[PDB]
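The residues making up each chain are set out below.
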Amino acid sequence: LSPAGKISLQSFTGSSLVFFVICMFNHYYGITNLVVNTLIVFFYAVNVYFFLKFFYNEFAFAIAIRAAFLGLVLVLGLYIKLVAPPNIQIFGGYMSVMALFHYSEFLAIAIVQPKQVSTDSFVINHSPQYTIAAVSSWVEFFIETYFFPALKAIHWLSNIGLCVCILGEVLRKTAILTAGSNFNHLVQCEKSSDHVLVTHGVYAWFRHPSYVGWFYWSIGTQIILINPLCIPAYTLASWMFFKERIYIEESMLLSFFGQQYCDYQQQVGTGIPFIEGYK
Ligand SMILES: Nc1ncnc2c1ncn2[C@@H]1O[C@H](CSCC[C@H](N)C(=O)O)[C@@H](O)[C@H]1O
């Protein structure tokens, strides 16, 4: 694929194979202490940084280091979900889901839109809104697992969350592909000359498929963690953001394609419950 896409793929799969071997080694030799493992991974994480910043300039490196980082989170998440106590095993899969999302997000953009593929398509979360909401679900899981370890041992539930996450993902990406270059991480106010309307595939089902996938995936994140507090909070925060965004995004869509979209509004719902769009 595009150049900025091959860098991420090699950095992601590469970092995921380095620390996978590391995690394999630490298992077959009974290396079980938490501070020792943290120090080994830290050791080799340092290694990957300078091997990458040596082989890459500022652009390709800020791309590579993020790719490999997610790879790290990936391997470490599965590692925790396999060898951590059953009080914690849930948080491992959660980590893995998160890493995959943030990576498959960039890779999707690099494919369908190699032109504008940056570190924001890697989309490390530095958006003051999400960061607070993300870390806040962690502090609830560990406080509820410390005081209520049993709550985090119901593995059929957390697997249900995994399910809704994988689905929301497939819909998300399958929508980013279906839309092609028309897709955009940001809402557009001016019309491109190659921007046409999409109504087939997943868009035949929803006016905002990706928003649907991202919506249920986000809810599934807290269904995995079995956080009784973050599940409702995430559902509401996600809902309102997609209400405003879907609203304005549809208004611009109305001045974009006029009646085609007014007909598309009469023919397909937004995809999220209780969001009408721009009527
Ligand atoms: N139905 C549609 N067909 C083609 N382009 C669309 C579209 N809806 C929004 N867009 C454009 O793509 C950008 C948002 S991408 C939004 C995708 C959609 N919410 C989903 O979940 O699948 C907006 O700037 C808009 O200009």
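So, how was this worked out
- Residues numbered from 1 in each chain as written, not as in the entry; some residues may be left out.
- Heavy atoms only, no water.
- Residues with missing side-chain atoms left out of burial classes, pairs and counts.
- UniProt positions renumbered as here; feature names shortened; annotations may be inferred.
- Helix = DSSP H or I, 4+ residues; strand = E, 2+ residues; numbered from the N terminus.
- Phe/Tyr/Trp six-rings, centres within 6.5 Å; stacked < 30°, edge-to-face > 60°.
- Buried < 20%, exposed > 50% of the residue type's maximum accessible area, 1.4 Å probe, protein only.
- Axes fitted to C-alpha atoms, helices over the stretch in contact; angles between N-to-C directions.
- Parallel < 35°, antiparallel > 145°, perpendicular 65-115°, else oblique.
- Left-handed = near helix turned anticlockwise from the far one by under 90°.
- Contact = heavy atoms within 4.5 Å.
- Nonpolar A, V, L, I, M, F, W, Y, C, P; charged D, E, K, R; others polar.
- Polar contact = N/O pair within 3.5 Å; in protein donor to acceptor, adjacent residues only side chain to side chain.
- Salt bridge = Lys/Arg side-chain N within 4 Å of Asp/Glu carboxyl O.
- Near = heavy atom within 4 Å.
- Areas by Shrake-Rupley, 256 points an atom, 1.4 Å probe, with all protein chains shown as cover.

## Digging into the UniProt feature "transmembrane region" in the chain
Item 1. Here the UniProt-annotated "transmembrane region" positions come out as residues 2-28, 35-52, 58-84, 88-112, 118-148, 155-180, 208-225 and 229-242.
Item 2. A distance of 37 Å separates the end C-alpha atoms of residues 155-180, which is 96% helix and 0% strand.

## A short note on the packing of aromatic side chains
Item 1. Applying the stated criterion across every chain yields a total of 22 aromatic pairs.
Item 2. Here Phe 141 and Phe 142 contribute two aromatic rings whose centre-to-centre distance is 5.0 Å and whose plane-to-plane angle is 80°, an arrangement assigned as edge-to-face.
Item 3. Ring geometry for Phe 256 versus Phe 257: centroids 6.0 Å apart, planes at 75°, classification edge-to-face. Accessibility classification places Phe 256 together with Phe 257 in one group, the buried group.
Item 4. Grouped by ring-pair contacts, the aromatic residues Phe 101, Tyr 211, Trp 214, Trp 217, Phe 241 and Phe 242 constitute a single cluster.

## Some words on the packing of helix α4 (residues 89-112) against helix α9 (residues 209-225)
Item 1. For the pair α4 and α9, interaxial distance at closest approach is 8 Å and the crossing angle is 160°. By the angle class used here, α4 and α9 are roughly antiparallel. The interaxial crossing formed by α4 with α9 has left-handed handedness. Of the residues in α9, those in contact with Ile 90, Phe 91, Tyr 94, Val 97, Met 98 and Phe 101 of α4 are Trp 214, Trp 217, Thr 221, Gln 222, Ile 224 and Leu 225.
Item 2. Here the contact of α4 with α9 is composed, by residue class, of 10 nonpolar, two polar and no charged.

## With respect to unusual backbone geometry
Item 1. One non-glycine residue, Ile 226, lies in positive phi territory at about 55°.
Item 2. If you trace the backbone, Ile 226 turns up in the loop between α9 and α10 (230-257).
Item 3. Given the relative accessible area of 6%, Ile 226 is considered buried.
Item 4. A positive phi angle is found at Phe 274, which is not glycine, with a value near 80°.
Item 5. Looking at where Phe 274 falls in the secondary structure, it is placed in the segment after α11 (259-267).

## Focus: the side chain of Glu 169
Item 1. By the secondary structure assignment, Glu 169 is in helix α7 (residues 155-179).
Item 2. We classify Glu 169 as buried; its relative accessible area is 16%.
Item 3. Within the local environment of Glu 169, its side chain forms a polar contact with the side chain of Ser 104, the two groups lying 3.1 Å apart.
Item 4. Discounting residues that sit within four places of it in the chain, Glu 169 has contacts with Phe 101, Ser 104 and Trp 217.

## Regarding the pattern of salt bridges
Item 1. For the structure on display, the rule yields six salt bridges.
Item 2. In this structure, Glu 169 and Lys 173 form a salt bridge, with 2.9 Å as the shortest nitrogen-oxygen distance. Of this pair, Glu 169 and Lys 173 both sit in helix α7, four residues apart, which is roughly one turn of the helix.
Item 3. Measuring nitrogen to oxygen at the nearest pair gives 2.5 Å for the salt bridge that ties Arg 207 to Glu 250. Residue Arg 207 is located in the loop between α8 (202-205) and α9, and its partner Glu 250 is located in helix α10; the two are separated by 43 residues in the primary sequence. No difference in accessibility class separates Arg 207 from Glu 250, as the two residues are buried.
Item 4. Ionic contacts of the salt-bridge type, sharing partners, join the residues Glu 105, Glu 169, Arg 172 and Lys 173 into one network.

## Brief notes about the site of the ligand
Item 1. Taken together, 20 residues surround the ligand, and among them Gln 188, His 208, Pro 209, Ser 210 and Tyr 211 come closest.
Item 2. Backbone polar atom of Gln 188 to an oxygen atom of the ligand: 2.5 Å apart, as the coordinates give it.
Item 3. In the environment of the ligand, an oxygen atom lies 3.0 Å from a nitrogen or oxygen atom belonging to the backbone of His 208.
Item 4. The protein chains hide 99% of the 550 Å² of surface that the ligand would expose on its own.
Item 5. Counting residues per element, the ones that place at least two in the shell around the ligand are α9 and α10.
Item 6. Here the residues of the shell around the ligand sort into 12 nonpolar, six polar and two charged.

## Examining the UniProt feature "binding site: S-adenosyl-L-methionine" in the chain
Item 1. The positions UniProt marks with the feature "binding site: S-adenosyl-L-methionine" are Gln 188, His 195, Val 196, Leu 197, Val 198, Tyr 203, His 208, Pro 209, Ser 210, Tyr 211 and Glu 249.
Item 2. Here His 195 is to be found in the loop between α7 and α8.
Item 3. Since its relative accessible area comes to 17%, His 195 is described here as buried.
Item 4. Aside from chain neighbours lying at most four places away, what touches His 195 is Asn 182, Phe 256 and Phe 257.
Item 5. Among the secondary structure elements, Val 198 is positioned in the loop between α7 and α8.
Item 6. Leaving out residues up to four positions away in the same chain, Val 198 has contacts with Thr 178, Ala 179, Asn 182, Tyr 203 and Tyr 264.

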